[PDB]
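Residue numbers (the entry's author numbering), protein chains in the order written: chain C, 2 to 91; chain B, 9 to 91; chain D, 2 to 91; chain A, 9 to 91.
Heads up, the beta-carbon is just placed ideally off N, CA and C, and yes, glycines get one too.
Right, one structure below, let's go through it.
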C-alpha cells in the first residue's frame with residue numbers, strides 16, 4: 002500500500018485476521034475438537050492468502066502507474082497474473 | 009502447550025504487520041510479512057495435526073517400537089508437507 | 002505395501018502418473034496454453050497426494066494388524082486420521 | 009527454458025519409485041519418495057509460473073529497474089510459497 006485508502010483496507014483485513022486468531026485462542030483454551038480448530042487455522046491461512054493477493058495486485062499496478070506505463074493490456078496482464086497466484090499460491 | 013506458543017508467534021507477526029502498516033513501511037515488506045503469516049499458519053497446523061495423531065494412537069492401547077515408528081513416519085510426513 | 006496385491010495397485014497408480022507426465026511432456030513438446038500446463042502439473046500433484054494417502058493408510062493399517070492390535074476403534078481412528086491428511090497435506 | 013530440466017528429473021523420481029516397488033523396498037521409503045514427487049511438482053509449478061510472469065511483463069514494453077524489482081519480488085513470493 003502507498004495510497005492512504007489502501008493502508009486503511011489492509012489494516013481492516015489484518016485486524017479481521019487478528020479477529021480470527023482471537024477465536025482460535027478462545028476455541029483452544031475451551032472445548033474445541035481438533036477438526037474445528039484445523040478449520041479455524043485453515044481459514045486464517047485462507048485470509049492471509051487472500052490479503053497477500055490483494056497487496057500483490059495493488060503493488061504491481063502501482064509500479065506500472067509510477068512508470069507512466071498503465072494501459073488496458075498491462076491491466077489485463079495483472080488480471081491474468083493474479084488469477085494464477087490466487088489459484089496456485091496456497 | 010507447544011500450540012499456544014505458536015498462536016502467540018502468529019499474533020506477534022500480525023501486530024508487527026499492523027505496525028508496519030501504521031509506520032508506513034515499503035510494500036515489499038508488507039508482502040514479506042503476509043507470506044510469513046501463511047507460513048506460520050502451516051507450522052501451527054503441523055502441530056495441531058501432530059497432537060491429534062499422537063493422541064489418537066496412544067488412546068488405542070497399542071504400544072510397540074514398531075507402532076511408534078509408524079507414528080513417527082506419519083509425523084515426519086506431515087512435517088515435510090507443512091514445514 | 003508389504004502385501005503382493007497392494008504392490009500391484011500402487012504400481013498402476015505410479016504408471017498412471019507417468020502417463021500424466023508424458024501428456025505434460027507432449028504439451029511442452031508441442032504448444033498448449035500456459036494455464037493448461039499449470040492445470041496438468043496440479044493434477045500430477047493431486048495424483049501424488051492421492052497415492053501418498055492410499056499408501057499411508059495401508060501402511061498404518063498393516064502396522065496395527067502385524068501387532069495383533071486391529072479392532073474397529075483402531076480402524077475408525079485411521080479413518081479419522083486419513084480424512085485429515087487428505088484434507089490438509091497438499 | 010529450464011522446464012524440461014525439471015520434467016525429466018520428475019520422470020526420474022517416478023521410475024525410481026517404480027524400481028523401489030518392483031524391488032520390494034520398505035513401505036517407509038515409498039512414502040518418502042511419493043512426498044518428493046509432490047515436492048517436485050511444486051518446484052515445476054514454481055518454474056512454469058516464473059516463465060509466464062516474466063514473459064507477460066516483458067511483453068508489455070515497460071522496462072525500468074523499479075519494474076524489474078516488482079517482478080523479482082513477485083517471483084520471490086512464488087518461490088516462498090512453492091519452493
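State the CB to CB distance for the pair residue i and residue j, rounded to an integer number of angstroms; the pair is presumed to be in contact (CB under 8 Å).
i	j	result
residue 39 (chain C)	residue 57 (chain D)	That pair is no contact at about 17 Å.
residue 82 (chain D)	residue 78 (chain B)	Rounded, the Cβ-Cβ distance is 11 Å, inconsistent with contact.
residue 22 (chain D)	residue 49 (chain D)	Between residue 49 (chain D) and residue 22 (chain D) the Cβ distance is about 11 Å, and since that is not below 8 Å, they are no contact.
residue 2 (chain C)	residue 11 (chain C)	5 Å
residue 27 (chain A)	residue 51 (chain A)	Contact flag wrong, Cβ pair sits at about 22 Å.
residue 74 (chain B)	residue 68 (chain D)	6 Å
In the DSSP assignment, find the alpha helix (DSSP H) that holds residue i and state where it starts and stops.
i	result
residue 64 (chain B)	35 to 66
residue 2 (chain C)	Premise fails: residue 2 (chain C) is in no alpha helix (DSSP H) and is neither H nor E.
residue 72 (chain B)	No alpha helix (DSSP H) holds residue 72 (chain B); DSSP gives it neither H nor E.
residue 20 (chain A)	11 to 30
Does the distance from the C-beta atom of residue i to that of residue j stay below 8 Å?
i	j	result
residue 53 (chain A)	residue 71 (chain C)	no
residue 46 (chain B)	residue 46 (chain C)	yes
residue 8 (chain D)	residue 25 (chain A)	no
Is residue i a contact residue of the ligand ZN, with contact defined as CB to any heavy atom under 7 Å?
i	result
residue 45 (chain A)	Annotation note on the ligand ZN: not contained in the displayed structure, which lists no ligands.
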